[PDB]
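Peer 1: Here you go, one structure.
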Amino acid sequence: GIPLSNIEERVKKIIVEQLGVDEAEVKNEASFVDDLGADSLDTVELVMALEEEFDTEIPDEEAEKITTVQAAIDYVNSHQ
Numbered sequence: 001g002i003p004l005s006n007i008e009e010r011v012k013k014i015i016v017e018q019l020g021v022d023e024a025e026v027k028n029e030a031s032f033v034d035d036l037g038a039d040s041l042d043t044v045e046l047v048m049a050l051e052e053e054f055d056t057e058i059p060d061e062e063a064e065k066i067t068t069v070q071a072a073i074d075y076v077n078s079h080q
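Structure representation (structure tokens):
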């Protein structure tokens with residue numbers, strides 16, 4: 001299993017490399033477009049990055065449901 005301390009830095013790292021802002025400002029309850037104010041491109045970027053880095057199974061379906069930080073962090077954290 002993977003410690004939440006790892007996923008936290010991991011997920012945040014990507015979100016930072018994709019957007020380019022401070023991982024801190026990125027709220028967990030907030031979304032990628034809701035608060036972040038990003039576009040569909042951002043969300044999709046995080047999705048692929050997850051199934052690429054975390055090697056998780058995030059298909060179109062799971063990709064449509066996972067469009068928020070809390071949602072993403074929840075999925076990965078749940079799929080240890």
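Just so you know, PDB author numbering puts 26 at position 26 of the sequence shown, and the rest follows in order with no gaps.
The beta carbon of each residue, even a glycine, is placed where N, CA and C say it ideally should be.
#1: Sorted by chain position, which residues of the same chain lie with C-beta nearer than 8 Å to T56's C-beta, five sequence neighbours on each side aside?
#2: Does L41 pass the burial test, meaning 16 or more other C-beta atoms within 10 Å, or should it be called exposed?
#3: Give me whichever residues DSSP pairs with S31 in a beta bridge.
#4: Assign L36 to one of three DSSP states: helix, strand, or coil.
Peer 2: In terms of the structure at hand:
#1: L50, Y75, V76, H79
#2: exposed
#3: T68
#4: coil
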